[PDB]
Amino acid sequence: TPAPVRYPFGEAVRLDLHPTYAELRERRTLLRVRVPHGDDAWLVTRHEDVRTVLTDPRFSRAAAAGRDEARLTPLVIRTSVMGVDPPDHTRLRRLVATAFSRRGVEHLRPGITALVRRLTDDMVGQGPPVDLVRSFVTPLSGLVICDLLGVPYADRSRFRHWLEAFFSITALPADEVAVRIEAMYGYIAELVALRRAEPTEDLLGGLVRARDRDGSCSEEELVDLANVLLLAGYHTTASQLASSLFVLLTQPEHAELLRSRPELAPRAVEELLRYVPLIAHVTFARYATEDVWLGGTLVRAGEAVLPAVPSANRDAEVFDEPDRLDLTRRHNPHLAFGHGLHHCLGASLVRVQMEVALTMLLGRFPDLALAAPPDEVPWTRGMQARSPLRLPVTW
């Protein structure tokens, strides 16, 4: 076992990838690394190999609960269906799958479309400049998940505070991170209480009923599913949307090609998920439950692998000219939503939310450009997902 390399390679800056990722794919070897917290790990950079760590049966995500899990975050996160294996993974996903399928999300399309129109109504009337994050990205992603889940979006001034603590690598101290985590779990319980006495028609009303009526999940399990879907919908989705809007505003002909022929939106959304390296560095660690040889390494039983999914999204044996954004790319087998068993549940909700939002922003604002130099756009740091802090625009 080699001397561990400090991981992450450094602060992930803007939408840039550190050069070591490209070196590692070509070497075809895993990098023994020492991460800021938890066990030592093997970094996985190749697409062909990150697929294996993300979904192979010999790689466990539940067995990471019995370890000081290799991570960037100070405290280990209860990750709901993300931190479990079958059978519990099947049992937990079965309760939210149909509402997050392609069909169920298509039923949501008029509301997202109607909301995007109401948000773009707001910008049209107010005039430039607009911070697209405050006035478009956050309300659309925030109102969408709050409505589907049943969270009052009108309490966001309260859970946005706790929400960020779940993305923190270095931005928050350990005690503020744990304090925020408990506060969010308490408020989520405040929401589940209301569904016992006052059932609701939303994702939240339906899953408490499965707990009380079917015993399909535990109370901690119920709170876990509710928490990760608010984290994912309210923040992870907005980060990808603000990042994708930043990409299109700084490479404006790609914005102009999508605008002039808008029927490229499904590929353009897929390409935007592939090209933007949303993950600051790696996704959740897996631990081998037996020996798996990959990346020139015999990963032994109990050893951690860290999936560098954005590096796998630039893999040249898989995507041609992968460092160049191609909104017209037809076959786009990227891993921005994961791969296999833990493939992103809100995969379709992001697609419908992204394709509807980019198209109308372009359709309604054809002259839209950044109001500050692309380097002057502030970005989040010490967080698990990349996003601009603001997106000042003009049109």
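From 1 onward, residues are counted along the sequence shown.
K.L.:
According to the deposited model, is the average Cα temperature factor higher in 190-198 or in 136-144?
P.N.:
It is 190-198.
K.L.:
In the PDB record, does 296-304 or 161-169 carry the higher mean Cα temperature factor?
P.N.:
It is 161-169 that shows the higher mean C-alpha B-factor.
K.L.:
Quick one: which of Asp121, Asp88, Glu271, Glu321 shows the highest Cα temperature factor in the PDB entry?
P.N.:
The C-alpha B-factor peaks, among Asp121, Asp88, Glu271, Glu321, at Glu321.
K.L.:
If I read the C-alpha B-factors straight from the PDB entry, which of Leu75, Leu108, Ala316, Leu204 is highest?
P.N.:
Answer, based on the entry's C-alpha B-factors: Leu204.
K.L.:
Which third, lowest, middle or highest, does the C-alpha temperature factor of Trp42 belong to within its own chain?
P.N.:
Answer is middle: the recorded C-alpha B-factor places it there.
K.L.:
How does the C-alpha B factor of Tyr185 compare with the rest of the chain: lowest, middle or highest third?
P.N.:
For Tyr185, whose C-alpha B-factor we compare with every modelled residue in the chain, the answer is the highest third.
K.L.:
Give the position of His254 by CA B-factor within its chain, expressed as the lowest, middle or highest third.
P.N.:
Highest third - that is where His254 ends up once the chain's C-alpha B-factors are sorted.
K.L.:
Just say lowest, middle or highest third for the CA B-factor of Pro19 relative to the other modelled residues in its chain.
P.N.:
It belongs to the lowest third of the chain when residues are ordered by C-alpha B-factor.
K.L.:
Going by the entry, which third of its chain does the Cα temperature factor of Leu325 land in?
P.N.:
Ranked within chain, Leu325 CA B lands in the middle tercile.
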